[PDB]
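What follows is a set of notes on a single structure, which appears directly below.
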Amino acid sequence: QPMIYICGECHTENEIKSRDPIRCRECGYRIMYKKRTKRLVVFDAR
Amino acid sequence: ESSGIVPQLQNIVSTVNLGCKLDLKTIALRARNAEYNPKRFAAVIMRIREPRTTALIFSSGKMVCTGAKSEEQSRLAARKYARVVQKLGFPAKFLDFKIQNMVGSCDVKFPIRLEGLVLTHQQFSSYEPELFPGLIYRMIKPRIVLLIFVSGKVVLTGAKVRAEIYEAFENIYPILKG
Amino acid sequence: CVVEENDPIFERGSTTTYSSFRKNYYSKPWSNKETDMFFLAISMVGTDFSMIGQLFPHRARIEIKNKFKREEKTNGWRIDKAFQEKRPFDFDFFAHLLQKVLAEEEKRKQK
Amino acid sequence: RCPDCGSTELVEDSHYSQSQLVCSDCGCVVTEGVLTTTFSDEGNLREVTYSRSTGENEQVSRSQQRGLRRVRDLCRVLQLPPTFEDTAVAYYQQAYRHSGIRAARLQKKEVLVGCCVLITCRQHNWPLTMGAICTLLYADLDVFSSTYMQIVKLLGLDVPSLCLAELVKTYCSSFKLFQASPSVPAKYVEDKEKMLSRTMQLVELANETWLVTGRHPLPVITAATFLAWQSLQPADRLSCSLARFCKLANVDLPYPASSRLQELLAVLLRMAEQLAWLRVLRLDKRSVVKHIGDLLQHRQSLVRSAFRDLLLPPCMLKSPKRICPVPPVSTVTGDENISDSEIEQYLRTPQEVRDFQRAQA
Amino acid sequence: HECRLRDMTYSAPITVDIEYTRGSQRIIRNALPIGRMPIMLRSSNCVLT
Amino acid sequence: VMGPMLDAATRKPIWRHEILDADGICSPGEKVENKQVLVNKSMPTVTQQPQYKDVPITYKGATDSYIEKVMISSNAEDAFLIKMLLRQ
Amino acid sequence: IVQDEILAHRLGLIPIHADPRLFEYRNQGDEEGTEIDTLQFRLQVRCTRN
Ligand SMILES: [Zn+2]
Ligand SMILES: [Zn+2]
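Read top to bottom, the protein sequences are chains Z, E, Y, D, G, P and B. First residue of the first sequence: 1, per this note's numbering; consecutive thereafter. First residue of the second sequence: 1, per this note's numbering; consecutive thereafter. First residue of the third sequence: 1, per this note's numbering; consecutive thereafter. First residue of the fourth sequence: 1, per this note's numbering; consecutive thereafter. First residue of the fifth sequence: 1, per this note's numbering; consecutive thereafter. First residue of the sixth sequence: 1, per this note's numbering; consecutive thereafter. First residue of the seventh sequence: 1, per this note's numbering; consecutive thereafter.
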């Protein structure tokens, strides 16, 4: 299963598997965020 | 589906006991090709006209014949050494002769990825290019330690009979080919 | 106190260093006449390296052993012929030949 | 199981800050209430380690303690994390369990410290050169390698291979061509990221072209970074030499680095011949440095074609017509011996005996 | 900010040049780390200034 | 980090592991209720086969919270630090 | 960057020009909504460089 993440400075979609050194291509920044979910979320305007 | 290549034995090592005490001083004094230095080493080095042979004779009768190319050649060399010791004036005998180790060499005639080989057989191999250029493999069905080079040459050691080295090479050939 | 007896060395970079594995041996090669007289000494004595090193002051016993092993591994017929031929041990003429070899190497260094 | 209905549907459901293992079928409370500590209770419980509570650290000799302290000192000097320190001390204790290493030489145990540190460093994919290990360990490479082989054969621990890229990055960080220092002018100063990427591409090319296999990796790394530094500005660095670069960078020049550089330049010349415009230009080992970057753009097909038209030592590529000549089998054994003439010619004559006695008197 | 995110310390490597005598031969070192000093934000050596 | 324990009856994650993603880490944008796990962490008990026991990071809260971001960093000790930013 | 709850609150504060007399109150529950008592407004904006 392709797990995708986002770099802290490049903001590029990088695919890495489990037990890998957290890194991003064309850079060396070590902050990797997770993309927002695709599931439907219901919010109340109250 | 044989490999088609046969190794060549370059050394045969065998220990043999004479069964009697020896006087290394007189042995070295009454011989021309005798090499012995008690302060340096306690064995007399005997060399003969066999194709290649070195005997490390000791005072307890134990002597190790090395450098031979076959078991029969090693036995002939050991018997010649025993005859020389007898002619030197000692009751030497030829008892307890058994092949202790044999070193052989072979070539596969194609390059081998040492990193791939160690990654595939780490539990049976060791690769440290910073120390020795050859990969050291230790197999059990062969009962043999092997030095494998990138050029395709493999040196095998730690066997007792030529059949062991032969089956060792036959088993390791497909692994290196694959 | 050290009165400017030594000079500071700008070595041992704090970053990293590598290995050498080869320190001291650094042997010196032989020559044709030296090989001939070495074979003569072999025929005169045998394989005992102690006497050979004693009679060879300018060459090390370890180098002599290495040369003998190389000859045994490469030129076996020469060793067989050397063992076949025999010569009684000579001391005065051997010292004269040693002096001749010293003169020859001096001339080589001059060249 | 449930004491009432016998069902095994026991679920731990906390009901308003009340941990309770309750059956999911009938709701029968099996167990309820858990005994925790409180903060003042937690503060007044003192932290005592297993090293003291279990009973160890007392059946240890002064030699083992000195070895452990040396391991810790070297780990702190190298600035390795406490996890590395713990792994190193654990491996040192495991090696000390054996008697052969226990009753060994002082140099033997020093090299044992070094090899345990090296194994701990390798187990986490961390690059550390054995040369610096020996330099900081007060030992020689020969005995170091001998004891390393002995201990690895005695133990049989996993020995991960030294990754090339990590060592490349570690050695590139050593060079001072990143910040303009008083000695090095601004012309020699080059970009860090681009030069590191170029060196990584060059060392990957060397690894794929059978240049690092069998040979020391560090000379190849030095040759690759030198070629990268020259290619980033071929104009001002056409006259600079390997020794000059090593002197400028304050780095000990490896001996085979020159040979690795020559072989890599030959490979680059082959790649240029494979390319069209370069093969028309007819470059050489001195003018291909400006097009090395272009060689690395599509090096895949170039190396493929180069292998189509194996890298082996120069001593083997000299037209080996008779590979491993078959020796004549000579199994002539006679009956049991030959004669006594050889025995007599081996025996020393009285004249030679007296001459030897006079010489060695 | 990266230090805050990664739960590490924002410090600089303390280096020194020293000279000693190993075997009565003076050996000098131009740069050797000895510690790490936590750098205050917006200081002279801070990256924010 | 273990993946979401899917229920074989409905082929969907259980109510506790509902907010977890494919990698076992809760994804941003969803709502977190009381007694729900955020990271399905499992650690070995030995320190021959390793025996992992689960120690998930449950969310203790009276009201619901929404995950804004999930940062994953790696320290020098090969340790993965995961920080989830809950908003109310 | 704006929070989801703040965005929902701002959208709720936006008036609708629909005539309320033509609609009815939604019964208790029924989140799916029916044609008589619901109105759907889609908002899809993707910002990109010019
Ligand atoms: Zn990035
Ligand atoms: Zn029940």
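A virtual CB, placed ideally from N, CA and C, is assigned to each residue, including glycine.
- Nearest C-alpha to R322 (chain D) among E:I57, E:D107, E:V154: E:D107.
- For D107 (chain E), the enclosing beta strand (DSSP E) stretches over residues 95 to 107.
- Contact annotation, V103 (chain E) with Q10 (chain E): C-beta distance approximately 6 Å; criterion of less than 8 Å satisfied.
- With fewer than 16 neighbouring CB atoms inside 10 Å of its own CB, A12 (chain G) falls in the exposed class.
- With a threshold of 7 Å, the Cβ atom of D25 (chain D) counts as near ligand 2, since some heavy atom of the ligand is closer than that.
- Placement of the Cβ of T157 (chain E) at a distance of 7 Å or more from every heavy atom of ligand 1 is found.
- Beyond the five residues adjoining it in sequence on each side, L45 (chain D) comes within less than 8 Å, by CB distance, of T37 in the same chain, given in chain order.
- Scanning B:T48, B:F41, B:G33 for the CA closest to the CA of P15 (chain B) turns up B:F41.
- Interface with chain D (8 Å Cβ-Cβ cutoff): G76 (chain Y) is excluded.
- For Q3 (chain B), a Cβ of chain P is located within less than 8 Å of the residue's own Cβ.
- When distances are taken from the beta-carbon of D13 (chain D) to the heavy atoms of ligand 2, even the shortest one reaches 7 Å or more.
- Interface annotation for the segment 117 to 147 of chain E against chain D: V118, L119, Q122, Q123, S126, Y127, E128, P129, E130, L131, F132, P133, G134, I136, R138, criterion Cβ-Cβ distance under 9 Å.
- For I6 (chain Z), no Cβ of chain G is located within less than 8 Å of the residue's own Cβ.
- Close to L80 (chain D), with beta-carbon spacing below 9 Å, lies no residue of chain Y; the smallest spacing is near 15 Å.
- By the neighbour-count criterion, in which 16 or more other beta carbons inside 10 Å mark a residue as buried, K35 (chain P) falls on the exposed side.
- DSSP links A22 (chain P) through a beta bridge to no other residue.
- Pairing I31 (chain Z) with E2 (chain G), the inter-Cα distance amounts to about 8 Å.
- A buried status is given to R32 (chain E), since no fewer than 16 other beta-carbon atoms sit within 10 Å of its beta-carbon.
- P219 (chain D) sits in a helix when the DSSP states are folded into three classes.
- Within the DSSP bridge table, the entry for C23 (chain D) names D:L10 as partners.
- Under the Cβ distance rule, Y66 (chain P) counts among the residues neighbouring chain B, one pair being separated by less than 8 Å.
- Going by C-alpha positions, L312 (chain D) is about 39 Å away from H58 (chain Y).
- Nearest to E344 (chain D) by alpha-carbon distance, out of E:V84, E:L22, E:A55, is E:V84.
- At a cut-off of 8 Å, the C-beta of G13 (chain Y) has no neighbouring C-beta in chain E.
- Scanning its chain for C-beta atoms nearer than 7 Å, with the 5 sequence neighbours on each side dropped, one finds around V34 (chain D) the residues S19, in chain order.
- Counting along the chain, the unbroken beta strand (DSSP E) around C7 (chain Z) starts and ends at 4 to 7.
- Proximity of chain G to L85 (chain P) at the Cβ level (cut-off 7 Å) is not reached, the minimal Cβ distance being about 11 Å.
- For chain Z, the residues of the segment 11 to 25 of chain P that bring a beta carbon within less than 9 Å of one of its beta carbons are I19, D21, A22, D23, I25, in chain order.
- Taking C-alpha positions only, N75 (chain P) is separated from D7 (chain G) by approximately 9 Å.
- The distance from the Cβ of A306 (chain D) to that of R260 (chain D) is about 17 Å, inconsistent with a contact at the 8 Å cut-off.
- The segment 34 to 45 of chain G and the segment 1 to 21 of chain D do not touch, with fewer than 3 CB-CB distances between them shorter than 8 Å.
- Within the segment 12 to 36 of chain E, the alpha helix (DSSP H) runs of at least 4 residues that lie entirely inside it are, in chain order, 24 to 29.
- Per DSSP, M149 (chain D) has no beta bridge partner at all.
- Closest in C-alpha terms to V89 (chain D), from the list D:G114, D:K108, D:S241, D:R105, comes D:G114.
- Taking the Cα of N24 (chain Y) as reference, the smallest distance to any Cα among D:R348, D:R237, D:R279, D:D142 is reached at D:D142.
- Interface residue (Cβ-Cβ distance to chain Z less than 8 Å): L5 (chain G) is classified as such.
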